[PDB]
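Working notes, structure below.
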Amino acid sequence: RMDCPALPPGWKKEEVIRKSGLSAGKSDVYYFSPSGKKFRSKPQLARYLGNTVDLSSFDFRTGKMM
Amino acid sequence: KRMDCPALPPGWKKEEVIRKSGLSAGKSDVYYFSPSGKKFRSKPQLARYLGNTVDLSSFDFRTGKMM
DNA sequence: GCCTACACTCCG
DNA sequence: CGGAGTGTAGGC
(Lines give C-alpha, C1' and ligand atoms only; values in the text may rest on other atoms or scores of the structure.)
Protein backbone atom coordinates (compact mmCIF):
# COMPACT_ATOMS: atom_id res chain seq x y z
CA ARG A 1 0.00 0.00 0.00
CA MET A 2 2.12 2.89 -1.35
CA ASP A 3 0.68 6.47 -1.04
CA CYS A 4 -0.64 7.48 -4.51
CA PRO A 5 0.54 11.11 -4.98
CA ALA A 6 -1.41 11.77 -8.21
CA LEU A 7 -4.78 11.31 -6.43
CA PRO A 8 -6.32 13.46 -3.67
CA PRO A 9 -4.78 13.01 -0.10
CA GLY A 10 -5.20 9.69 1.85
CA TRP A 11 -5.15 7.43 -1.25
CA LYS A 12 -2.99 4.30 -1.56
CA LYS A 13 -2.21 1.86 -4.35
CA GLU A 14 -1.06 -1.78 -4.21
CA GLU A 15 0.02 -4.28 -6.90
CA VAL A 16 -0.22 -8.09 -6.28
CA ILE A 17 1.49 -10.70 -8.47
CA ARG A 18 -0.54 -13.69 -9.73
CA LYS A 19 1.22 -16.83 -8.40
CA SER A 20 -0.09 -19.69 -10.54
CA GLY A 21 -2.20 -20.67 -13.50
CA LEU A 22 -2.41 -19.44 -17.04
CA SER A 23 -1.90 -15.76 -16.03
CA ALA A 24 0.93 -16.48 -13.52
CA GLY A 25 3.45 -13.63 -13.52
CA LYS A 26 0.78 -10.91 -14.39
CA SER A 27 -0.52 -8.58 -11.66
CA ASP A 28 -3.65 -6.87 -10.30
CA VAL A 29 -3.69 -3.27 -9.13
CA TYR A 30 -5.84 -2.03 -6.23
CA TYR A 31 -6.67 1.42 -4.86
CA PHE A 32 -7.69 2.31 -1.28
CA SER A 33 -9.61 5.52 -0.47
CA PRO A 34 -9.13 7.63 2.72
CA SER A 35 -12.22 5.79 4.06
CA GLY A 36 -10.28 2.70 3.05
CA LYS A 37 -12.74 1.10 0.58
CA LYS A 38 -10.95 -0.98 -2.15
CA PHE A 39 -11.17 -0.28 -5.90
CA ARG A 40 -10.37 -2.83 -8.57
CA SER A 41 -11.06 -0.97 -11.80
CA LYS A 42 -11.04 2.40 -13.49
CA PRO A 43 -14.87 2.58 -14.00
CA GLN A 44 -15.47 1.61 -10.37
CA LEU A 45 -13.09 4.29 -9.05
CA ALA A 46 -14.37 6.88 -11.53
CA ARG A 47 -17.96 6.21 -10.36
CA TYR A 48 -17.00 6.64 -6.71
CA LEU A 49 -15.04 9.89 -7.31
CA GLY A 50 -17.95 11.05 -9.44
CA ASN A 51 -18.39 14.22 -11.43
CA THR A 52 -16.26 15.54 -8.49
CA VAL A 53 -13.09 14.51 -10.51
CA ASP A 54 -12.30 13.80 -14.21
CA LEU A 55 -10.09 10.72 -14.74
CA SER A 56 -10.37 10.40 -18.53
CA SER A 57 -6.56 10.43 -18.84
CA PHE A 58 -5.79 8.66 -15.52
CA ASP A 59 -3.74 5.50 -16.13
CA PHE A 60 -5.22 2.98 -13.64
CA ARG A 61 -2.25 0.62 -13.82
CA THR A 62 0.52 3.18 -13.33
CA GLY A 63 -1.40 5.78 -11.19
CA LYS A 64 -0.21 8.66 -13.47
CA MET A 65 -1.90 10.95 -16.08
CA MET A 66 -1.19 9.61 -19.65
CA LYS B 1 -25.15 -19.86 -31.25
CA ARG B 2 -22.56 -22.66 -31.54
CA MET B 3 -23.00 -23.89 -35.13
CA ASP B 4 -21.46 -26.95 -36.65
CA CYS B 5 -18.74 -25.97 -39.12
CA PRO B 6 -19.11 -28.65 -41.83
CA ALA B 7 -15.74 -27.97 -43.51
CA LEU B 8 -13.79 -28.71 -40.28
CA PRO B 9 -13.58 -32.30 -38.82
CA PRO B 10 -16.60 -33.70 -36.93
CA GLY B 11 -17.64 -31.89 -33.82
CA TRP B 12 -15.95 -28.53 -34.59
CA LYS B 13 -18.23 -25.52 -34.08
CA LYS B 14 -18.16 -21.74 -34.91
CA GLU B 15 -19.84 -18.87 -33.06
CA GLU B 16 -20.10 -15.25 -34.04
CA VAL B 17 -20.56 -12.64 -31.20
CA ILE B 18 -21.63 -9.09 -31.73
CA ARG B 19 -19.74 -6.46 -29.66
CA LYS B 20 -22.28 -4.64 -27.45
CA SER B 21 -20.31 -1.45 -26.60
CA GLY B 22 -17.24 0.78 -27.18
CA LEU B 23 -15.04 1.65 -30.18
CA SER B 24 -16.19 -1.32 -32.19
CA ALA B 25 -19.80 -1.64 -30.90
CA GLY B 26 -21.71 -3.54 -33.60
CA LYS B 27 -18.71 -5.32 -35.12
CA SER B 28 -18.34 -9.05 -34.45
CA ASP B 29 -15.75 -11.53 -33.32
CA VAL B 30 -15.59 -15.16 -34.56
CA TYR B 31 -14.68 -18.09 -32.35
CA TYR B 32 -14.18 -21.81 -32.98
CA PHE B 33 -14.57 -24.68 -30.50
CA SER B 34 -12.89 -28.11 -30.70
CA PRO B 35 -14.99 -31.19 -30.02
CA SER B 36 -13.91 -31.08 -26.34
CA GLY B 37 -14.86 -27.40 -26.12
CA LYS B 38 -11.45 -25.65 -26.40
CA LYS B 39 -11.90 -22.10 -27.75
CA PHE B 40 -9.86 -20.63 -30.65
CA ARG B 41 -9.78 -16.92 -31.65
CA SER B 42 -7.68 -16.78 -34.84
CA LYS B 43 -6.73 -18.65 -38.00
CA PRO B 44 -3.05 -19.17 -37.04
CA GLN B 45 -4.09 -20.43 -33.59
CA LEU B 46 -6.54 -22.88 -35.15
CA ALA B 47 -3.94 -23.98 -37.82
CA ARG B 48 -1.27 -24.54 -35.12
CA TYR B 49 -3.66 -26.76 -33.17
CA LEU B 50 -4.83 -28.91 -36.15
CA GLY B 51 -1.44 -29.16 -37.82
CA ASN B 52 -1.30 -31.39 -40.86
CA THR B 53 -4.70 -33.02 -40.15
CA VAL B 54 -6.40 -30.27 -42.24
CA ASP B 55 -5.22 -27.79 -44.93
CA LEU B 56 -6.57 -24.36 -43.98
CA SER B 57 -4.88 -22.31 -46.79
CA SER B 58 -8.16 -21.54 -48.50
CA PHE B 59 -10.30 -21.53 -45.22
CA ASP B 60 -12.13 -18.26 -44.61
CA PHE B 61 -11.96 -17.95 -40.79
CA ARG B 62 -14.74 -15.42 -40.66
CA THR B 63 -17.33 -17.38 -42.72
CA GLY B 64 -16.15 -20.90 -41.91
CA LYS B 65 -16.01 -21.84 -45.60
CA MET B 66 -13.25 -22.94 -47.96
CA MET B 67 -12.94 -20.51 -50.88
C1' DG C 1 -9.35 2.91 -43.53
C1' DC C 2 -10.48 -1.68 -42.25
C1' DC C 3 -9.20 -6.00 -40.51
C1' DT C 4 -6.61 -9.69 -38.01
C1' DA C 5 -4.68 -11.13 -34.10
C1' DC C 6 -3.74 -11.08 -29.65
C1' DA C 7 -3.01 -8.32 -25.05
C1' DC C 8 -5.45 -6.44 -21.58
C1' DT C 9 -9.40 -5.13 -18.40
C1' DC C 10 -12.94 -5.92 -15.39
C1' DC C 11 -15.72 -8.29 -12.58
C1' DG C 12 -17.18 -12.94 -10.94
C1' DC D 1 -7.01 -16.29 -11.14
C1' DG D 2 -10.27 -17.09 -15.25
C1' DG D 3 -12.08 -15.69 -19.25
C1' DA D 4 -15.84 -13.05 -21.99
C1' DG D 5 -15.72 -8.82 -23.92
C1' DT D 6 -13.16 -4.75 -25.65
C1' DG D 7 -8.72 -2.06 -27.00
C1' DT D 8 -5.74 -1.48 -30.52
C1' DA D 9 -0.78 -2.06 -33.13
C1' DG D 10 0.52 -3.15 -37.30
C1' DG D 11 -0.29 -5.37 -41.88
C1' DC D 12 -2.42 -4.87 -45.73
Side-chain angles (χ1 to χ4, degrees), chain A residues 1 4-11 13-18 20-25 27-34 36 39-46 48-50 53-63 65-66, chain B residues 2-13 15-19 21-23 25-26 28-47 49-64 66:
Chain A
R1 299 199 179 183
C4 176
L7 283 181
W11 286 83
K13 176 187 211 257
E14 184 194 332
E15 183 176 322
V16 178
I17 298 299
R18 294 183 171 217
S20 60
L22 306 169
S23 68
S27 55
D28 298 273
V29 168
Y30 303 104
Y31 289 82
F32 298 94
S33 71
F39 299 82
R40 307 200 290 149
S41 74
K42 187 173 188 168
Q44 189 182 6
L45 171 70
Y48 181 68
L49 285 170
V53 180
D54 173 358
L55 303 157
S56 300
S57 310
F58 187 65
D59 187 313
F60 186 82
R61 181 157 283 280
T62 65
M65 307 320 286
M66 283 297 155
Chain B
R2 297 200 182 178
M3 303 299 305
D4 291 310
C5 181
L8 293 179
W12 275 91
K13 307 205 190 202
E15 174 161 21
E16 189 181 324
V17 182
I18 307 309
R19 290 189 183 209
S21 66
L23 291 208
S28 53
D29 293 86
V30 174
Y31 309 122
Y32 285 86
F33 297 89
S34 71
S36 303
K38 302 172 182 185
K39 184 181 166 160
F40 302 76
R41 307 199 195 187
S42 70
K43 189 173 188 185
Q45 183 181 17
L46 182 65
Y49 187 77
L50 288 164
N52 66 7
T53 63
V54 305
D55 189 339
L56 293 188
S57 302
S58 80
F59 184 72
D60 183 292
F61 185 87
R62 184 165 278 281
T63 57
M66 301 286 178

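Below, chains carry the letters A, B, ... as their sequence lines are ordered, and counting in each starts from 1.
Residues forming a side-chain contact (heavy atoms from CB on, under 4.5 Å) with B:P35 (at least two apart in sequence, or on another chain): B:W12. Listed by chain and residue number, A:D54 satisfy the side-chain hydrogen bond (donor to acceptor under 3.5 Å, both in side chains) test with A:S56 (two or more places apart in sequence, or in another chain).
Looking at DNA chain C, the stems built from 3 or more consecutive Watson-Crick or G-U wobble pairs, each pair with its key distances under 3.5 Å, are C:1-12 with D:1-12.
Atoms OH (B:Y32) and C1' (C:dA5) sit 14 Å apart, rounded to a whole Å. Rounded to a whole Å, the CG atom of B:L23 is 14 Å from the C1' atom of C:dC3. One interatomic measurement links the two molecules: CG of B:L46 to P of C:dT4, which rounds to 14 Å at whole-angstrom precision. Distance B:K39 NZ to C:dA5 P: 16 Å, rounded to the nearest Å. The distance between atom CD of B:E16 and atom P of C:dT4, rounded to the nearest whole Å, is 11 Å.
Taken to the nearest 0.5 Å, the CG atom of B:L46 stands 14.0 Å off from the NZ atom of B:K39. With rounding to the nearest 0.5 angstrom, the CE atom of A:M65 is 7.5 Å from the CZ atom of A:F58.
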Pairs under 3.5 Å (N/O, protein and nucleotides 10-12 of chain C):
residue: C:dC10; atom: OP2; partner: A:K42; partner atom: N; Å: 3.3
residue: C:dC11; atom: OP2; partner: A:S41; partner atom: OG; Å: 2.6
residue: C:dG12; atom: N7; partner: A:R40; partner atom: NH2; Å: 3.0
residue: C:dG12; atom: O6; partner: A:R40; partner atom: NH1; Å: 2.7

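Closest heavy-atom contact between A:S33 and A:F39: CB-CE1, 4.0 Å.
Distances shorter than 4.0 Å separate some side-chain N or O of B:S21 from OP1 or OP2 on D:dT6. The phosphate of C:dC3 (OP1 or OP2) has no side-chain N or O of B:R62 nearer than 4.0 angstrom.
Panel note: side chain A:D59, backbone A:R61; a donor-acceptor pair is recorded below 3.5 Å.
A:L55 has its side chain out of reach of A:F60: every pair of non-hydrogen atoms, C-beta onward, lies at least 4.5 Å apart. A 4.5 Å side-chain heavy-atom check between A:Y30 and A:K13 finds every atom pair outside the cut-off.
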